[PDB]
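What follows is one structure encoded as structure tokens, with my remarks underneath.
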Amino acid sequence: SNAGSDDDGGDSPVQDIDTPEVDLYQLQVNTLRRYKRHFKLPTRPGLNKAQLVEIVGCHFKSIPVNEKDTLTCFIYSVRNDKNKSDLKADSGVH
Amino acid sequence: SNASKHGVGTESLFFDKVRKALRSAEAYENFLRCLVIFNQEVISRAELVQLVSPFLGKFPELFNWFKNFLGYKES
């Protein structure tokens, strides 16, 4: 009948793939901790690799993104500075 | 406007491939999420290429394009 719900009327879209899943365990410990530091994820002391991946993955599944802008940022930075170091402290906490 | 016209060309080709290959909306979002965290100084270069391995790694031409764009030596 339609026009009564916002659900999908195809049951299953055209996709023979189970949707590729991202392995976050491959990432370096430093990378996962960096995610937690840059996104500010307060955690308990004594974190391990598996712990990081779970926390990172849980938050990684909920990242707001925009095609045009995200592509622009990617294209821009990579064609300019491929991972710039620039060692500088922002917040003078101590 | 003035994006994928004269400036962006082969990049748009790449992204079209990625969009068409991943097929899943959330999977393509995943790719873009890898992009934003890379942009946000979170993940390293190789970390970026490696992360999308289960996605773009199936497609040699596509993943190689990605490597070539990132300047991925590994040599």
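To be explicit about the labels: the chains of the structure tokens are called A, B, and onward in the order shown, and within each one the residues are counted from 1, while ligands get numbers from 1 in the order they are shown.
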Would you list which chain A residues are within 10 Å of chain B using only C-alpha atoms, as a CSV table (one decimal) with C-alpha atoms, in the first residue's frame?
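Now in part30.csv:
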```
chain,number,residue,atom,x,y,z
A,13,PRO,CA,18.8,-3.8,-1.9
A,14,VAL,CA,21.1,-4.9,-4.8
A,15,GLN,CA,24.2,-6.1,-2.9
A,16,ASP,CA,25.7,-9.5,-3.0
A,17,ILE,CA,28.2,-8.3,-0.5
A,18,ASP,CA,27.6,-8.6,3.2
A,19,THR,CA,29.1,-5.1,3.4
A,20,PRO,CA,32.9,-5.0,3.9
A,21,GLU,CA,33.9,-4.6,7.5
A,22,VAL,CA,36.9,-2.5,8.5
A,23,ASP,CA,39.6,-4.1,10.5
A,24,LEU,CA,40.7,-1.6,13.2
A,25,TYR,CA,43.0,-4.1,14.9
A,26,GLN,CA,45.5,-3.7,12.1
A,27,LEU,CA,46.0,-0.1,13.2
A,28,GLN,CA,48.9,0.7,15.4
A,30,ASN,CA,49.6,4.7,18.8
A,31,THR,CA,47.0,5.3,16.0
A,32,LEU,CA,44.1,4.0,18.1
A,33,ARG,CA,45.3,6.1,21.2
A,34,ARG,CA,45.6,9.1,18.9
A,35,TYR,CA,42.0,8.6,17.7
A,36,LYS,CA,41.0,8.6,21.4
A,37,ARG,CA,43.1,11.7,22.1
A,38,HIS,CA,41.9,13.7,19.1
A,39,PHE,CA,38.3,12.8,19.5
A,60,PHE,CA,34.2,5.0,14.6
A,61,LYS,CA,30.8,3.6,13.7
A,62,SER,CA,29.3,7.0,14.5
A,63,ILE,CA,31.3,9.6,12.7
A,64,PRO,CA,29.5,12.4,10.9
A,65,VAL,CA,30.8,12.8,7.4
A,66,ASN,CA,30.1,14.8,4.2
A,67,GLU,CA,31.0,13.5,0.7
A,68,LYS,CA,32.0,16.8,-1.0
A,69,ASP,CA,33.8,18.3,1.9
A,70,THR,CA,35.5,15.1,3.0
A,71,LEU,CA,36.7,14.4,-0.5
A,72,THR,CA,37.9,18.0,-0.8
A,73,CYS,CA,39.9,17.7,2.5
A,74,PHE,CA,41.4,14.4,1.4
A,75,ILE,CA,42.4,15.6,-2.1
A,76,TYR,CA,43.7,18.9,-0.7
A,77,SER,CA,45.9,17.6,2.1
A,78,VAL,CA,47.3,14.6,0.3
A,79,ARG,CA,48.2,16.6,-2.8
A,81,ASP,CA,51.2,17.7,2.7
A,82,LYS,CA,51.0,14.0,3.2
A,83,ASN,CA,50.8,13.8,7.0
A,84,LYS,CA,52.4,17.0,8.3
A,85,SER,CA,54.3,16.7,11.6
```
Just the number, please: distance in Å from CA of residue 19 in chain B to CA of residue 58 in chain B, one decimal.
13.8 Å
Between CA of residue 64 in chain B and CA of residue 21 in chain B, what is the distance in Å, rounded to a tenth?
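Taking CA of residue 64 in chain B as the start and CA of residue 21 in chain B as the end point, the length is 14.6 Å.
Our summary of the geometry notes that CA of residue 60 in chain B is positioned 17.1 Å from CA of residue 75 in chain B.
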